[PDB]
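Residue strings, one per chain:
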Amino acid sequence: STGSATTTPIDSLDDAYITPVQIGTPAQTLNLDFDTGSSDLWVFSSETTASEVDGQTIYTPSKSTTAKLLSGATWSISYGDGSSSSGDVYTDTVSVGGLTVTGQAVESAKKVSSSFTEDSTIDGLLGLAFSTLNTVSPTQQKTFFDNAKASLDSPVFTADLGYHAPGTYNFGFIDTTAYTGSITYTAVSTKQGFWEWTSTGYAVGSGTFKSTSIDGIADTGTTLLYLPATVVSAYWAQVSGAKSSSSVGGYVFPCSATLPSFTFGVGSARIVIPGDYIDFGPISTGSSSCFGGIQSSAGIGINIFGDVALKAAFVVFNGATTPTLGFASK
Ligand SMILES: CNCc1ccc(Oc2cccnc2)o1
């Protein structure tokens, strides 16, 4: 079997992408943030604190004839951005782009932090990292991919994120019409539960390529590209007026600037992020100060290849017995 679903930017800045997911019988369709940096499928629900819901579509397990309480299971998660949520767990039928999983753990939110409440376009998350990160206790649960893997024609999923445009998540097959040239595969470490790999280097604009190993994770649930301070300094030094601002929270630059591209290495191959992809607009409405799409990972403890980087490629998450990551231009 296979699945194919369209993923859509939640706003003008591609701050995140939402994908429709069918849950229960009859289907309840919720727009979920597919996150390869986490491993919980959680949703706004009929159980979520009333004052913490503001515009979101909710999952009502009591309206689903195939929902079953997973007795005594609870979950609690916190993300790299400071947000968090928690609640209880049902199993139900979950379908993504025509691909169906029965008995999927659907983690129902009792509580969500203010940033979740504040975003009416995201109805929850669907984790696609390794199941060892799943937060359900006392019985840890499997991600959707993991549950589906057996059924798939090939044990893979692919992320084809758009720049200011819809993209696609495919399950169980590689669409050879979706990328240019060939796919370069690279080794993955599963030891931290992430799709963790090692980039071979970088270039700033038309600059010479710097060969250097940069460990990082492929994280569709993170908006920006977070890299070592050396790398990031080297990038912003090419932008007149760019500065790191502690009051703002990172690098900002003149909104009048034209940004240089950023190239990252995948083995012997190169993925080029166009400069426009690195522009995240005014730090505040009307401001002439713009927020950068490449930021320091110093203080995160890990480098993150977030949407800014992934959307410049066709990315293959290969969940074979020995997982690997593939990158192609498109
Ligand atoms: C806006 N804060 C809540 C929110 C929206 C999407 C996500 O999910 C995240 C955020 C950061 C890292 N990984 C996943 O949280």
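Residues numbered from 1 in each chain as written, not as in the entry; some residues may be left out. Heavy atoms only, no water. Residues with missing side-chain atoms left out of burial classes, pairs and counts.

- This entry, as listed in the PDB, derives from X-ray crystallography and reports a resolution of 1.90 Å.

As for the overall build of the protein
Argument step 1. Within the protein, the secondary structure is distributed over 4 helices and 24 strands.
Argument step 2. For 330 residues, the compact-globule estimate of 2.2 N^0.38 gives 20 Å, and the protein sits close to it at 20 Å.
Argument step 3. Counting only C-alpha atoms, the protein reaches 60 × 45 × 30 Å along its principal axes.
Argument step 4. The long-range fraction of contacts in the protein, counting pairs at least 24 apart against all pairs at least 6 apart in sequence, stands at 66%. (Helix = DSSP H or I, 4+ residues; strand = E, 2+ residues; numbered from the N terminus. Rg over C-alpha atoms; globule rule 2.2 N^0.38 Å. Contact = heavy atoms within 4.5 Å.)

Let's talk about the sheet that holds strand 16 (residues 250-254)
Argument step 1. The strand order across the open sheet built from 4 strands is 15-16-20-19, with neighbouring strands paired in antiparallel fashion. Looking at which strands have only one partner, the edges of the open sheet turn out to be strand 15 (243-245) and strand 19 (279-282). Within this sheet the neighbouring strands show an average axis-to-axis angle of 40°, counted without direction.
Argument step 2. Across 2 bridges, the pairing between strand 19 and strand 20 (residues 289-292) is antiparallel. What sits directly across from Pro282, in strand 20, is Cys290. (Pairing = 2+ DSSP bridges. Axes fitted to C-alpha atoms, helices over the stretch in contact; angles between N-to-C directions.)

With respect to the environment of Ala50
Argument step 1. If you trace the backbone, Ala50 turns up in the loop between strand 4 (41-43) and strand 5 (68-78).
Argument step 2. Residue classification places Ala50 among the exposed positions, given a relative accessible area of 68%.
Argument step 3. Between the C-alpha atom of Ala50 and that of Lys111, which follows or precedes it by 61 residues, the distance is 9.4 Å. (Buried < 20%, exposed > 50% of the residue type's maximum accessible area, 1.4 Å probe, protein only.)

Brief notes about unusual backbone geometry
Argument step 1. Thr25 connects to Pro26 through a cis peptide bond whose omega is -10°.
Argument step 2. In this fold, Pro26 is placed in the loop between strand 2 (17-23) and strand 3 (28-35).
Argument step 3. The peptide bond linking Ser137 to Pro138 adopts the cis configuration, its omega dihedral lying at 5°.
Argument step 4. The topology assignment puts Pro138 in the loop between strand 8 (124-127) and helix 2 (144-148).
Argument step 5. Its identity as a non-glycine residue notwithstanding, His164 has a phi of 50°, on the positive side.
Argument step 6. The residue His164 is located in the loop between strand 9 (156-160) and strand 10 (167-171) in this model.

Considerations on the UniProt feature "disulfide bond" in the protein
Argument step 1. Where 2.5 Å serves as the upper bound for a disulfide, the S to S distance of 2.0 Å between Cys255 and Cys290 confirms the link that UniProt reports. Within this pair, whereas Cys255 is found in the loop between strand 16 and strand 17 (262-266), its partner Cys290 is found in strand 20, the two being separated by 35 residues in sequence.
Argument step 2. Among the residues examined, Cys255 registers a relative accessible area of 27% and is labelled partly exposed. (Disulfide = S-S within 2.5 Å. UniProt positions renumbered as here; feature names shortened; annotations may be inferred.)

Quick look at the sheet that holds strand 21 (residues 294-296)
Argument step 1. Taken in spatial order, the 7 strands line up as 18-17-12-13-22-14-21 in an open sheet, and their pairing is mixed. The open sheet has two free edges, formed respectively by strand 18 (269-273) and strand 21, since each of these has just one partner strand.
Argument step 2. Bridge count for strand 17 against strand 18 is 5 bridges, and the pairing is antiparallel. Paired with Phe262 across the two strands is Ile273, which belongs to strand 18.
Argument step 3. Relative to the sheet, helix 3 (residues 229-236) contacts strand 12 (196-204), strand 13 (210-218), strand 14 (225-227), strand 17 and strand 21, its axis offset from that of strand 21 by approximately 140°.

Notes on the UniProt feature "active site" in the protein
Argument step 1. The UniProt entry lists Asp35 and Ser199 under the feature "active site", expressed in the numbering used here.
Argument step 2. Positionally, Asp35 belongs in strand 3.
Argument step 3. The class for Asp35 is buried, based on a relative accessible area of 5%.
Argument step 4. Dropping the residues within four chain positions of it, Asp35 is found in contact with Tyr79, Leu125, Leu126, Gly127, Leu128, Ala129, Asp219, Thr220 and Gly221.
Argument step 5. Relative to the helices and strands, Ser199 resides in strand 12.

Describing the nonpolar core
Argument step 1. Within the largest apolar cluster, 68 residues are counted, with the highest numbers of intra-cluster contacts made by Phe171, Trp236, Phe262, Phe264, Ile273 and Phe327.
Argument step 2. Of the domains in this structure, domain 1 (5-174) and domain 2 (175-330) are the two that each give at least three residues to this core.
Argument step 3. Discounting residues that sit within four places of it in the chain, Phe327 has contacts with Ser182, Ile183, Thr184, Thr186, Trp197, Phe264, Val266, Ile271, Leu310, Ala313, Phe314 and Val315.
Argument step 4. Formed by 17 residues, the second largest nonpolar core is a distinct cluster that contains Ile18, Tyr79, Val89 and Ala105. (Core = buried A, V, L, I, M, F, W, Y, C linked by side-chain atoms within 4.5 Å. Domains from an automatic or database assignment.)

Side note on the site of the ligand
Argument step 1. With respect to spatial proximity, the complete set of residues near the ligand consists of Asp33, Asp35, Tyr79, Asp81, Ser83, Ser115, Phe116, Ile122, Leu125, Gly221 and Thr222.
Argument step 2. Within the side chain of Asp81, an N or O atom sits 3.0 Å from a nitrogen atom of the ligand.
Argument step 3. Here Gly221 contributes a backbone N or O atom positioned 3.3 Å from a nitrogen atom of the ligand.
Argument step 4. When the free accessible area of the ligand is taken as 380 Å², the share hidden by the protein chains comes to 82%.
Argument step 5. Contributing elements (two or more residues each) for the shell around the ligand: strand 3 and helix 1 (114-118).
Argument step 6. Here the residues of the shell around the ligand sort into 4 nonpolar, 4 polar and 3 charged. (Near = heavy atom within 4 Å. Polar contact = N/O pair within 3.5 Å; in protein donor to acceptor, adjacent residues only side chain to side chain. Areas by Shrake-Rupley, 256 points an atom, 1.4 Å probe, with all protein chains shown as cover. Nonpolar A, V, L, I, M, F, W, Y, C, P; charged D, E, K, R; others polar.)

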